[PDB]
Amino acid sequence: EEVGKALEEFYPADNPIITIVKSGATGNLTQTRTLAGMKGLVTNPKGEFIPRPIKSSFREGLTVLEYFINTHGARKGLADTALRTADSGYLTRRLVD
Amino acid sequence: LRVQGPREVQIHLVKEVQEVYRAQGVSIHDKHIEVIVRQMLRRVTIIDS
Amino acid sequence: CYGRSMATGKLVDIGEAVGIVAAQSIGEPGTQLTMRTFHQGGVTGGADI
Amino acid sequence: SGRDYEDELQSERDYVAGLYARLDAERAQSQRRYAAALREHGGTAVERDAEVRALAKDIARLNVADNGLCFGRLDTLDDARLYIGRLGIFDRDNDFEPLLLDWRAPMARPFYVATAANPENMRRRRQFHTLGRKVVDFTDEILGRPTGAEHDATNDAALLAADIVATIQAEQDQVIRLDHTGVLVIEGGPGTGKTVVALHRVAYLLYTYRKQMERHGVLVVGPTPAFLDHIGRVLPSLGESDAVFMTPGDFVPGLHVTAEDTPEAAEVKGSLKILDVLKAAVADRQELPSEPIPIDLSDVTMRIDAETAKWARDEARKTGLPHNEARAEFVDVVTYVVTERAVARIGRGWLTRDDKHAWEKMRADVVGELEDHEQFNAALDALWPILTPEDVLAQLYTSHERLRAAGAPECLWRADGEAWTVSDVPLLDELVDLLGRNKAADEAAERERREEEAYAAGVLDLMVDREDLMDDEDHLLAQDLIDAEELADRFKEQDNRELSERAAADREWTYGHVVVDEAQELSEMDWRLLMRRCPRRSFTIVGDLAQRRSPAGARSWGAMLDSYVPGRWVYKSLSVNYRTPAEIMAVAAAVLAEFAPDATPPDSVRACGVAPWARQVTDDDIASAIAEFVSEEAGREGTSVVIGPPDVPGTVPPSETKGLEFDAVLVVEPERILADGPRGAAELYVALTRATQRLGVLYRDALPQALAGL
Ligand SMILES: [Mg+2]
């Protein structure tokens, strides 16, 4: 959170990266922090947080182990998104009925 | 339902569902939830005639 | 009683299937809500809010 | 109650208030973060779920810890302070120095395992008794030689302040630290403090094996929940949701008996010798009619007779299955014979032995008809009915013919058959295993599950298939990961009751540990039941044989335990009497010699000089005597009690004061206590041995031979 606040303070108002976000076009300050700030915490395959943060940012480039631990939740989301639609459709069908 | 009546229980159901949807950042007009709820309380149970 | 139609901005017309509209409006954003854990085992996740 | 004690209590209360203020601040921060994460996370779904669940877990943990935050305090030999409570609170501004230690933290280990003989670098252990966000009081124990200036409600420091003390510490440590993980029988004469040692022992055992028993639960049995009180006050995470309490009349779920049977029917009902009776009882219901029962079939005049009924019940007995389970064999054999005979009767002339597809076809028709024939079902209900334990016991007790046939003595007959005493509870439970379950079919619930699965499958079929996908690239679909059954189960209620509720409502629950206070009172059948309920054989058995009042109670631990753990159970006995004045033991030994020429009186330290006093009461002054006794002891510190038969309004019955201690104890008219049942003398002994400071007696005509000393 502190790194995100510092990133928001530092950026000029007219910078294109922050200009896109502040204009309501795309993205969040979270994505900007992950890009130029720090990636932060990532989750185990079992969903728990890994106490070691990814202090590197994609601007700087992630180390090997940081990238490997980051892959976990990245792959988990692929199945999570597919699974959520099942529950959404269940509730929708009940409501339609 | 037993204490306050059909009106108040319908209001309570709408309030609770909209509380859940508002906490999660979803905006749905109350009339849709009311349309759903109105069908939940369409029946009366009989004991004698 | 239903009142202004959200899509047209005018009073709802006779014959409009408001029920399906309400069902779709309530169901479509369901994917944004939190859900029960998809993990097969473990403790009941409903103990926490 | 010292003024400095009040000052220390106020200081501790202020410290706990500060801890609760920090807890409130943390909860407010967690709630704010949780709301923000739920609303506008802005990240990926998996990350949102992770943060939301972590915050929810933190909030739930804080809410749980809100009740009774701090258990106590430890004073280290380096003069430090360590606060033990339900949460770990640290000063983030002072290098995270611990303000409160989670009871599971390693440095909090001594609070549970330290003893006066092996102090783990601690000098004082302080317990706080809390009713909420407030400390009601605190009690301290010195891990070493006491001095008497310390304030504890149990008075252990003062009593031990009044080397023999070293041997007391060594014995208590030996009992407490025993790494037996088995059946431990702790025994001790009154005034020795077996309750304190048992509480410390159970605390140590539960702490050291918490991981192994966090799921199984702990059962507590005794006349009072005091042990559960201590467990809850030192292990709330286990006491509140995992522990269970039961009286011997409350073993059966749902049922709650309190009436007690006569001292002879209870004895027979409290011994395994009655088990053979119970079987006979369920064998007595294998009735065969005295007269043939017409089938009254639609077309044929078939009938059943004692011959075929005898053969059928003989076969069902030969099967060896329980009653409601062998019903299947009995009905099948009866149906076989009746169908053979009926088909032979219908098959006249046109059909004699056309076994293939003609004789067998008529057998099929006859069975299909008979299985739904109302009279046949009524007959099979009259013969070999389905029984519950109550259906067995009520009829057995009432008939007075079934008792004679089964070999049961007439000491236990009653017209009010369904009036249950605490002695009937174990028999009622054992009848569950003897009768068995009918093994019925739950068609309705199965149909409900089928319909839910069908709806879930329809929901899955409602989604877009892989062939029709319009997305830029192929991707996982819901149908690839979840099946109809999983989705249907996902939306069920899936009740999640607590263990303290889940186990108490299940007659067949196996507990991880069993604690038995006043265990000498349990009958052999109660021990059978408890051992059935604890296959791990992990028991903390506390009691004293010489204080027994029930007739079915234990007379020797070996006779009760050797049937289950021969030689494997460990016996520990406490020798020194210090909590009661030696003058009390002087008369207690005299009352105790009545049961053994030598018995085993404990040696008594701490003679007080304040002799017990006995008073003659005549001309309607006994009620006065007790009135001025209570009026005097009201203003003389501590707690006081009067013990006598309920015929006197102002006395607690001796049975109720079994496990308590008091400063001033008055016992009224021991002559009636002696005559109460077969164990009246024992009652007197118990009533005498509850006094720690002052003992008074009221007698009508003259002191009984044993009580002539005071
Ligand atoms: Mg696309």
# chains A, B, ... in the order shown; residues from 1 in each chain; ligands from 1
$ select_by_dssp --residues "chain C" --states "alpha helix (DSSP H)" --output "ChimeraX atom specification"
/C:18-27
$ write_last_selection --atoms "C-alpha atoms" --output "PDB file, in the first residue's frame"
ATOM      1  CA  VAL C  18     -40.574  -7.826 -16.490  1.00  0.00           C
ATOM      2  CA  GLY C  19     -39.986 -11.161 -14.759  1.00  0.00           C
ATOM      3  CA  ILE C  20     -37.350 -12.373 -17.210  1.00  0.00           C
ATOM      4  CA  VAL C  21     -35.730  -8.930 -17.167  1.00  0.00           C
ATOM      5  CA  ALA C  22     -35.469  -9.045 -13.371  1.00  0.00           C
ATOM      6  CA  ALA C  23     -34.119 -12.602 -13.419  1.00  0.00           C
ATOM      7  CA  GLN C  24     -31.442 -11.724 -15.973  1.00  0.00           C
ATOM      8  CA  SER C  25     -30.501  -8.492 -14.198  1.00  0.00           C
ATOM      9  CA  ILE C  26     -30.056 -10.313 -10.889  1.00  0.00           C
ATOM     10  CA  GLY C  27     -28.246 -13.321 -12.372  1.00  0.00           C
TER      11      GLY C  27
END
$ interface_residues --of "chain B" --to "chain C" --cutoff "12 Å" --atoms "only C-alpha atoms" --output "list in words"
residues 17, 18, 20, 21, 22, 23, 24, 25, 26, 27, 28, 29, 30, 31, 32, 33, 34, 35, 36, 37, 38 and 39 of chain B
$ write_last_selection --atoms "N, CA, C and O atoms" --output "CSV table (one decimal), in the first residue's frame"
chain,number,residue,atom,x,y,z
B,17,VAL,N,-31.1,-8.9,0.4
B,17,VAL,CA,-30.5,-9.2,-0.9
B,17,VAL,C,-29.8,-8.0,-1.5
B,17,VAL,O,-28.6,-8.1,-2.0
B,18,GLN,N,-30.4,-6.8,-1.3
B,18,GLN,CA,-29.7,-5.6,-1.8
B,18,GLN,C,-28.5,-5.3,-1.0
B,18,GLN,O,-27.5,-4.7,-1.5
B,20,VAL,N,-26.5,-7.6,0.3
B,20,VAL,CA,-25.4,-8.5,-0.2
B,20,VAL,C,-24.9,-8.0,-1.5
B,20,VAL,O,-23.7,-7.9,-1.8
B,21,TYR,N,-25.8,-7.5,-2.4
B,21,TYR,CA,-25.3,-7.1,-3.7
B,21,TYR,C,-24.6,-5.7,-3.7
B,21,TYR,O,-23.7,-5.5,-4.5
B,22,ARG,N,-24.9,-4.9,-2.7
B,22,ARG,CA,-24.2,-3.6,-2.6
B,22,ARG,C,-22.9,-3.8,-2.0
B,22,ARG,O,-21.9,-3.1,-2.3
B,23,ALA,N,-22.7,-4.7,-1.0
B,23,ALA,CA,-21.4,-4.9,-0.4
B,23,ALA,C,-20.4,-5.4,-1.4
B,23,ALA,O,-19.2,-5.1,-1.3
B,24,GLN,N,-20.9,-6.1,-2.5
B,24,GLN,CA,-20.0,-6.6,-3.5
B,24,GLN,C,-19.8,-5.7,-4.7
B,24,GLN,O,-19.1,-6.1,-5.6
B,25,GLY,N,-20.3,-4.5,-4.6
B,25,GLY,CA,-20.1,-3.5,-5.7
B,25,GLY,C,-21.0,-3.7,-6.9
B,25,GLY,O,-20.6,-3.2,-8.0
B,26,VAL,N,-22.1,-4.4,-6.8
B,26,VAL,CA,-23.1,-4.6,-7.9
B,26,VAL,C,-24.3,-3.7,-7.6
B,26,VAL,O,-24.8,-3.7,-6.4
B,27,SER,N,-24.8,-3.0,-8.6
B,27,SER,CA,-25.9,-2.1,-8.5
B,27,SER,C,-27.1,-2.7,-9.3
B,27,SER,O,-27.0,-2.8,-10.5
B,28,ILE,N,-28.1,-3.1,-8.5
B,28,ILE,CA,-29.3,-3.6,-9.1
B,28,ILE,C,-30.5,-2.8,-8.5
B,28,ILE,O,-30.6,-2.7,-7.3
B,29,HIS,N,-31.4,-2.4,-9.4
B,29,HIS,CA,-32.6,-1.6,-8.9
B,29,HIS,C,-33.4,-2.5,-8.0
B,29,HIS,O,-33.6,-3.7,-8.3
B,30,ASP,N,-34.0,-2.0,-7.0
B,30,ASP,CA,-34.8,-2.8,-6.0
B,30,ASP,C,-36.0,-3.5,-6.7
B,30,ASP,O,-36.5,-4.5,-6.2
B,31,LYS,N,-36.5,-2.9,-7.8
B,31,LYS,CA,-37.7,-3.4,-8.3
B,31,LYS,C,-37.5,-4.8,-8.9
B,31,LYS,O,-38.5,-5.6,-8.9
B,32,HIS,N,-36.3,-5.2,-9.4
B,32,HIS,CA,-36.1,-6.5,-9.9
B,32,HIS,C,-36.2,-7.5,-8.7
B,32,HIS,O,-36.8,-8.6,-8.8
B,33,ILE,N,-35.5,-7.2,-7.6
B,33,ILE,CA,-35.5,-8.1,-6.4
B,33,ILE,C,-36.9,-8.2,-5.9
B,33,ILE,O,-37.4,-9.2,-5.4
B,34,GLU,N,-37.7,-7.1,-6.0
B,34,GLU,CA,-39.1,-7.1,-5.5
B,34,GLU,C,-39.9,-8.0,-6.4
B,34,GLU,O,-40.8,-8.7,-6.0
B,35,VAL,N,-39.7,-8.0,-7.8
B,35,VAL,CA,-40.4,-8.9,-8.7
B,35,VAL,C,-40.1,-10.3,-8.3
B,35,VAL,O,-41.0,-11.2,-8.3
B,36,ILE,N,-38.8,-10.6,-8.0
B,36,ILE,CA,-38.5,-12.0,-7.6
B,36,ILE,C,-39.2,-12.3,-6.3
B,36,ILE,O,-39.8,-13.4,-6.1
B,37,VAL,N,-39.2,-11.4,-5.3
B,37,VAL,CA,-39.7,-11.7,-4.0
B,37,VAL,C,-41.2,-11.9,-4.0
B,37,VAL,O,-41.8,-12.7,-3.3
B,38,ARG,N,-41.9,-11.1,-4.8
B,38,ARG,CA,-43.4,-11.1,-4.8
B,38,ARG,C,-43.9,-12.6,-5.1
B,38,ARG,O,-45.0,-12.9,-4.6
B,39,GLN,N,-43.1,-13.4,-5.9
B,39,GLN,CA,-43.5,-14.7,-6.1
B,39,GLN,C,-43.2,-15.7,-5.0
B,39,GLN,O,-43.8,-16.8,-4.9
$ closest_atom_pairs --of "chain D" --to "chain A" --cutoff "8 Å" --atoms "only C-alpha atoms" --output "Markdown table"
| residue | atom | partner | partner_atom | distance |
| --- | --- | --- | --- | --- |
| D:42 | CA | A:28 | CA | 6.5 |
| D:43 | CA | A:30 | CA | 6.9 |
| D:44 | CA | A:77 | CA | 7.7 |
| D:45 | CA | A:77 | CA | 6.9 |
| D:46 | CA | A:77 | CA | 5.7 |
| D:47 | CA | A:43 | CA | 7.5 |
| D:50 | CA | A:47 | CA | 6.2 |
| D:456 | CA | A:90 | CA | 7.4 |
| D:459 | CA | A:90 | CA | 5.9 |
| D:460 | CA | A:86 | CA | 7.1 |
| D:463 | CA | A:89 | CA | 7.7 |
| D:476 | CA | A:82 | CA | 6.0 |
| D:477 | CA | A:82 | CA | 5.4 |
| D:478 | CA | A:82 | CA | 5.1 |
| D:481 | CA | A:83 | CA | 7.1 |
| D:482 | CA | A:83 | CA | 7.4 |
| D:487 | CA | A:86 | CA | 7.8 |
$ atom_distance --atom1 "CA of residue 42 in chain C" --atom2 "CA of residue 46 in chain A"
10.4 Å
$ interface_residues --of "chain C" --to "chain D" --cutoff "10 Å" --atoms "only C-alpha atoms" --output "compact mmCIF listing (two decimals) with N, CA, C and O atoms, in the first residue's frame"
# COMPACT_ATOMS: atom_id res chain seq x y z
N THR C 31 -21.37 -13.62 -11.24
CA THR C 31 -19.97 -14.03 -11.30
C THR C 31 -19.06 -13.11 -10.51
O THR C 31 -17.94 -13.51 -10.17
N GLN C 32 -19.50 -11.89 -10.20
CA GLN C 32 -18.68 -10.96 -9.43
C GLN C 32 -18.73 -11.23 -7.93
O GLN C 32 -17.87 -10.74 -7.20
N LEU C 33 -19.72 -11.99 -7.47
CA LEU C 33 -19.88 -12.24 -6.05
C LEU C 33 -18.88 -13.29 -5.57
O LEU C 33 -18.39 -14.12 -6.33
N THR C 34 -18.57 -13.23 -4.27
CA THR C 34 -17.80 -14.28 -3.64
C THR C 34 -18.63 -15.55 -3.57
O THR C 34 -19.87 -15.51 -3.54
N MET C 35 -17.95 -16.70 -3.53
CA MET C 35 -18.61 -17.99 -3.60
C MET C 35 -17.94 -18.95 -2.64
O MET C 35 -16.88 -18.67 -2.07
N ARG C 36 -18.57 -20.11 -2.46
CA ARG C 36 -17.97 -21.18 -1.67
C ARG C 36 -16.68 -21.64 -2.33
O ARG C 36 -16.51 -21.56 -3.55
N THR C 37 -15.75 -22.12 -1.51
CA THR C 37 -14.47 -22.57 -2.03
C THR C 37 -14.67 -23.71 -3.02
O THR C 37 -15.54 -24.57 -2.84
N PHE C 38 -13.86 -23.71 -4.07
CA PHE C 38 -13.89 -24.77 -5.07
C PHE C 38 -13.00 -25.95 -4.70
O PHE C 38 -13.00 -26.96 -5.42
N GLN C 40 -11.91 -29.32 -2.96
CA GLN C 40 -12.79 -30.46 -2.70
C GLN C 40 -12.86 -30.79 -1.22
O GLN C 40 -13.94 -31.12 -0.70
N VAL C 43 -12.13 -27.82 5.71
CA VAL C 43 -13.18 -27.45 6.66
C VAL C 43 -14.25 -26.64 5.94
O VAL C 43 -14.06 -26.18 4.81
N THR C 44 -15.39 -26.46 6.60
CA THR C 44 -16.49 -25.68 6.04
C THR C 44 -16.11 -24.21 6.01
O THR C 44 -15.87 -23.60 7.06
N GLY C 45 -16.04 -23.64 4.81
CA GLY C 45 -15.70 -22.24 4.66
C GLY C 45 -16.77 -21.27 5.12
O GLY C 45 -16.52 -20.06 5.16
N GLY C 46 -17.97 -21.77 5.44
CA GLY C 46 -19.03 -20.93 5.94
C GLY C 46 -18.90 -20.51 7.38
O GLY C 46 -19.67 -19.66 7.84
N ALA C 47 -17.93 -21.08 8.11
CA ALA C 47 -17.70 -20.64 9.49
C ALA C 47 -17.28 -19.17 9.52
O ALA C 47 -17.74 -18.41 10.38
N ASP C 48 -16.42 -18.77 8.60
CA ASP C 48 -16.09 -17.37 8.41
C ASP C 48 -17.12 -16.72 7.48
O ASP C 48 -17.81 -17.40 6.71
N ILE C 49 -17.21 -15.40 7.56
CA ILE C 49 -18.23 -14.69 6.79
C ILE C 49 -17.96 -14.89 5.31
O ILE C 49 -16.91 -14.50 4.79
$ residues_near_ligand --ligand "ligand 1" --cutoff "8 Å" --atoms "only C-alpha atoms and all ligand atoms" --output "list in words"
residues 471, 472 and 473 of chain D
$ residues_around --residues "range 272-287 of chain D" --least-positions-apart "2" --cutoff "8 Å" --atoms "only C-alpha atoms" --output "MDAnalysis selection string"
chainID D and resid 268:270 289 313 323 383:385 392 396 402 405:408 427 431 434:435 524:525
$ write_last_selection --atoms "N, CA and C atoms" --output "PDB file, in the first residue's frame"
ATOM      1  N   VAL D 268     -28.188 -55.209  40.757  1.00  0.00           N
ATOM      2  CA  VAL D 268     -28.315 -56.200  39.692  1.00  0.00           C
ATOM      3  C   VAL D 268     -28.307 -55.516  38.331  1.00  0.00           C
ATOM      4  N   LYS D 269     -29.017 -54.393  38.210  1.00  0.00           N
ATOM      5  CA  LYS D 269     -29.037 -53.643  36.962  1.00  0.00           C
ATOM      6  C   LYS D 269     -27.700 -52.978  36.663  1.00  0.00           C
ATOM      7  N   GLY D 270     -26.829 -52.845  37.658  1.00  0.00           N
ATOM      8  CA  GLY D 270     -25.517 -52.259  37.490  1.00  0.00           C
ATOM      9  C   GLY D 270     -24.386 -53.249  37.316  1.00  0.00           C
ATOM     10  N   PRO D 289     -47.343 -68.517  18.444  1.00  0.00           N
ATOM     11  CA  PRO D 289     -48.712 -68.405  18.958  1.00  0.00           C
ATOM     12  C   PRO D 289     -49.189 -69.682  19.629  1.00  0.00           C
ATOM     13  N   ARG D 313     -38.559 -69.219  13.973  1.00  0.00           N
ATOM     14  CA  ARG D 313     -37.795 -68.534  15.008  1.00  0.00           C
ATOM     15  C   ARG D 313     -36.529 -69.303  15.355  1.00  0.00           C
ATOM     16  N   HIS D 323     -31.902 -58.635  16.568  1.00  0.00           N
ATOM     17  CA  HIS D 323     -33.343 -58.838  16.475  1.00  0.00           C
ATOM     18  C   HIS D 323     -33.920 -58.279  15.181  1.00  0.00           C
ATOM     19  N   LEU D 383     -45.981 -61.846  15.809  1.00  0.00           N
ATOM     20  CA  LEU D 383     -44.848 -62.747  15.960  1.00  0.00           C
ATOM     21  C   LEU D 383     -43.568 -62.020  15.575  1.00  0.00           C
ATOM     22  N   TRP D 384     -42.623 -61.953  16.506  1.00  0.00           N
ATOM     23  CA  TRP D 384     -41.350 -61.293  16.252  1.00  0.00           C
ATOM     24  C   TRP D 384     -41.593 -59.854  15.811  1.00  0.00           C
ATOM     25  N   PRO D 385     -42.014 -58.979  16.716  1.00  0.00           N
ATOM     26  CA  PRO D 385     -42.166 -57.565  16.369  1.00  0.00           C
ATOM     27  C   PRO D 385     -40.832 -56.834  16.353  1.00  0.00           C
ATOM     28  N   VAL D 392     -38.845 -53.057  24.922  1.00  0.00           N
ATOM     29  CA  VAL D 392     -38.368 -54.228  25.649  1.00  0.00           C
ATOM     30  C   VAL D 392     -38.500 -54.005  27.149  1.00  0.00           C
ATOM     31  N   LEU D 396     -40.988 -55.861  29.850  1.00  0.00           N
ATOM     32  CA  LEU D 396     -40.273 -56.777  30.731  1.00  0.00           C
ATOM     33  C   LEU D 396     -40.537 -56.443  32.192  1.00  0.00           C
ATOM     34  N   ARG D 402     -42.597 -62.272  32.078  1.00  0.00           N
ATOM     35  CA  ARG D 402     -41.361 -62.221  31.310  1.00  0.00           C
ATOM     36  C   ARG D 402     -40.146 -62.217  32.229  1.00  0.00           C
ATOM     37  N   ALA D 405     -39.538 -65.816  33.324  1.00  0.00           N
ATOM     38  CA  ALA D 405     -39.016 -66.637  32.236  1.00  0.00           C
ATOM     39  C   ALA D 405     -37.567 -66.289  31.919  1.00  0.00           C
ATOM     40  N   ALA D 406     -37.227 -65.000  31.938  1.00  0.00           N
ATOM     41  CA  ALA D 406     -35.888 -64.552  31.579  1.00  0.00           C
ATOM     42  C   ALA D 406     -34.872 -64.748  32.696  1.00  0.00           C
ATOM     43  N   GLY D 407     -35.306 -65.161  33.884  1.00  0.00           N
ATOM     44  CA  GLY D 407     -34.407 -65.280  35.012  1.00  0.00           C
ATOM     45  C   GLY D 407     -34.137 -63.985  35.741  1.00  0.00           C
ATOM     46  N   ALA D 408     -34.839 -62.910  35.398  1.00  0.00           N
ATOM     47  CA  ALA D 408     -34.653 -61.642  36.085  1.00  0.00           C
ATOM     48  C   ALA D 408     -35.316 -61.689  37.460  1.00  0.00           C
ATOM     49  N   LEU D 427     -28.654 -49.999  30.476  1.00  0.00           N
ATOM     50  CA  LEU D 427     -29.372 -51.123  29.880  1.00  0.00           C
ATOM     51  C   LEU D 427     -30.096 -50.692  28.614  1.00  0.00           C
ATOM     52  N   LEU D 431     -29.311 -52.211  24.914  1.00  0.00           N
ATOM     53  CA  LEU D 431     -30.377 -52.745  24.080  1.00  0.00           C
ATOM     54  C   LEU D 431     -30.321 -52.184  22.664  1.00  0.00           C
ATOM     55  N   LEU D 434     -28.020 -54.738  21.141  1.00  0.00           N
ATOM     56  CA  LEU D 434     -28.643 -56.058  21.075  1.00  0.00           C
ATOM     57  C   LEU D 434     -29.779 -56.099  20.058  1.00  0.00           C
ATOM     58  N   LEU D 435     -30.609 -55.057  20.004  1.00  0.00           N
ATOM     59  CA  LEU D 435     -31.721 -55.052  19.059  1.00  0.00           C
ATOM     60  C   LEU D 435     -31.259 -54.743  17.642  1.00  0.00           C
ATOM     61  N   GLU D 524     -20.732 -51.257  36.779  1.00  0.00           N
ATOM     62  CA  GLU D 524     -19.955 -51.975  35.774  1.00  0.00           C
ATOM     63  C   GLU D 524     -20.512 -51.731  34.376  1.00  0.00           C
ATOM     64  N   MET D 525     -21.838 -51.644  34.254  1.00  0.00           N
ATOM     65  CA  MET D 525     -22.439 -51.379  32.952  1.00  0.00           C
ATOM     66  C   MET D 525     -22.096 -49.982  32.453  1.00  0.00           C
TER      67      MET D 525
END
$ atom_distance --atom1 "CA of residue 644 in chain D" --atom2 "CA of residue 668 in chain D"
5.2 Å
$ interface_residues --of "chain D" --to "chain B" --cutoff "8 Å" --atoms "only C-alpha atoms" --output "ChimeraX atom specification"
/D:35,38-40
$ select_by_dssp --residues "range 139-332 of chain D" --states "strand (DSSP E or B)" --output "list in words"
residues 139, 140, 141, 142, 183, 184, 185, 186, 187, 188, 218, 219, 220, 221, 243, 244, 245, 246, 293, 294, 303 and 304 of chain D
$ atom_distance --atom1 "CA of residue 19 in chain D" --atom2 "CA of residue 241 in chain D"
24.2 Å
$ closest_residue --among "A:13, A:25, A:95, A:35" --to "chain B" --atoms "only C-alpha atoms"
A:95
$ decode --residues "range 32-46 of chain B" --atoms "N, CA, C and O atoms" --output "compact mmCIF listing (two decimals), in the first residue's frame"
# COMPACT_ATOMS: atom_id res chain seq x y z
N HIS B 32 -36.33 -5.18 -9.39
CA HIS B 32 -36.09 -6.53 -9.87
C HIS B 32 -36.16 -7.54 -8.72
O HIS B 32 -36.81 -8.59 -8.82
N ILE B 33 -35.49 -7.22 -7.61
CA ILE B 33 -35.53 -8.09 -6.44
C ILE B 33 -36.95 -8.18 -5.90
O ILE B 33 -37.37 -9.23 -5.42
N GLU B 34 -37.70 -7.08 -5.98
CA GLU B 34 -39.09 -7.12 -5.54
C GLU B 34 -39.93 -8.01 -6.44
O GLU B 34 -40.82 -8.71 -5.97
N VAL B 35 -39.67 -7.97 -7.75
CA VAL B 35 -40.37 -8.87 -8.67
C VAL B 35 -40.09 -10.32 -8.30
O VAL B 35 -41.00 -11.16 -8.29
N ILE B 36 -38.84 -10.63 -7.98
CA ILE B 36 -38.51 -12.00 -7.56
C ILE B 36 -39.23 -12.34 -6.26
O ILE B 36 -39.82 -13.42 -6.13
N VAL B 37 -39.20 -11.43 -5.29
CA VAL B 37 -39.73 -11.74 -3.96
C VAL B 37 -41.24 -11.90 -3.99
O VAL B 37 -41.81 -12.73 -3.27
N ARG B 38 -41.93 -11.10 -4.81
CA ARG B 38 -43.38 -11.15 -4.85
C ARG B 38 -43.90 -12.56 -5.12
O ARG B 38 -44.98 -12.93 -4.65
N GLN B 39 -43.15 -13.35 -5.89
CA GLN B 39 -43.53 -14.73 -6.15
C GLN B 39 -43.23 -15.65 -4.97
O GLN B 39 -43.79 -16.75 -4.91
N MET B 40 -42.36 -15.23 -4.05
CA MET B 40 -42.01 -16.06 -2.90
C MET B 40 -43.11 -16.11 -1.86
O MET B 40 -43.08 -16.98 -0.98
N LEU B 41 -44.09 -15.20 -1.92
CA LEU B 41 -45.11 -15.06 -0.89
C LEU B 41 -46.49 -14.99 -1.53
O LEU B 41 -47.32 -14.13 -1.21
N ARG B 42 -46.76 -15.92 -2.44
CA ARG B 42 -48.00 -15.95 -3.21
C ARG B 42 -49.06 -16.86 -2.60
O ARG B 42 -50.17 -16.94 -3.14
N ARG B 43 -48.76 -17.55 -1.50
CA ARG B 43 -49.59 -18.65 -1.03
C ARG B 43 -50.06 -18.42 0.40
O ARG B 43 -49.37 -17.80 1.23
N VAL B 44 -51.24 -18.96 0.70
CA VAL B 44 -51.79 -19.00 2.04
C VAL B 44 -52.10 -20.45 2.38
O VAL B 44 -52.67 -21.18 1.56
N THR B 45 -51.71 -20.87 3.58
CA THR B 45 -51.98 -22.21 4.08
C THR B 45 -53.27 -22.20 4.89
O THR B 45 -53.51 -21.28 5.68
N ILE B 46 -54.08 -23.24 4.70
CA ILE B 46 -55.42 -23.33 5.27
C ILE B 46 -55.42 -24.35 6.39
O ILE B 46 -54.71 -25.36 6.32
